[PDB]
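Single chain ahead, by itself, as structure tokens, in the form deposited in one PDB entry.
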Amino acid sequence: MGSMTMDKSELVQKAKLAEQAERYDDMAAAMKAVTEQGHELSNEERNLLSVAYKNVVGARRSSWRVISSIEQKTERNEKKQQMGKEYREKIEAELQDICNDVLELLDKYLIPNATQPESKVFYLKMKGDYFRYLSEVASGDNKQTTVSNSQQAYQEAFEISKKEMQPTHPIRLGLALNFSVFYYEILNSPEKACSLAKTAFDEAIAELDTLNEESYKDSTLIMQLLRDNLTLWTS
């Protein structure tokens, strides 16, 4: 048959099977079709979409780092260096195809259909993430553009989260974590990265008393990542 003759619940069932089979390309294709039907995603559907693309793009980012590390230590052989460079470029082309598809989904469906501030922050953070993934491999003026677009998306998310969400909210915390990584690694601005992460951590530490058992687990999960990053960057 095909995705254009399937209803949403069938595509979601397909995504869940693909997830269990670790066929993440299939899972992303199913959730992409769900998103393209134009309706606001449920929490379950948003989880399936995000997990699929995290794994699809994640495999390429990981391959790209491996290939780039090998290029630094490769003997100066013309055939070998041309092979590694065309191989890195192949991976770069796939990564850019993946990220452009996610960013198209975000701008055409996910962000415009978001009816609640928690959803808006989530998708703007996602936009910031996927422009950051482009920035990881970009060069020259294109790098200037993807870096600027990452920063603008994160910043828009950051402003909404400070107005509509408590400092212990997992999405606000996760936004701070990833925006801090962006400043550290992409903008090479470690002081801004450390101050952004420390402020988010401290302000959340200050309000753990307000949380029940379940919320406390959710929040401290990501506060520990913020502490881990601070420890890594300042030791």
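Only residues modelled in both forms are compared. Between two forms, the rigid core is defined as the largest C-alpha subset superposing within 1.5 Å. Residue indices: 1-based, along the sequence shown.
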**OP:** Could you check which stretch, 70-78 or 135-143, carries the larger mean CA temperature factor in the entry?
**Re:** 70-78
Original post:
For the stretches 198-206 and 171-179, which has the higher mean C-alpha B-factor as given in the deposited record?
Top reply: 198-206
**OP:** Determine which member of 13, 220, 212, 20 has the highest CA B-factor, using the values in the deposited entry.
**Re:** 212
Original post:
Which one of 162, 90, 127, 108 shows the biggest C-alpha B-factor in the PDB entry?
Top reply: 162
Subject >> residue 114 - Cα temperature factor, lowest/middle/highest third of chain >> reply: highest
**OP:** Taking the chain's C-alpha temperature factors as the reference, tell me which third residue 26 falls into: lowest, middle or highest.
**Re:** lowest
**OP:** Using the B-factor values recorded in the entry, state whether the Cα atom of residue 187 falls in the lowest, middle or highest third among the modelled residues of its chain.
**Re:** highest
Subject >> Modelled-residue ranking by C-alpha temperature factor, third containing residue 157 >> reply: middle
Subject >> Chain thirds of CA B-factor: placement of residue 94 >> reply: middle
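The protein also exists as the form deposited in another entry; that form is not presented, and the subsequent description refers to it.
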Original post:
Which is the one residue in 44, 40, 207, 36 whose C-alpha moves 2 Å or more between the shown form and the other one, relative to the superposed rigid core?
Top reply: 207
Original post:
Hey, quick one: aligning on the core, which runs of at least three residues have all their CA atoms off by 2 angstroms or more between the shown form and the other one?
Top reply: 76-78, 162-235
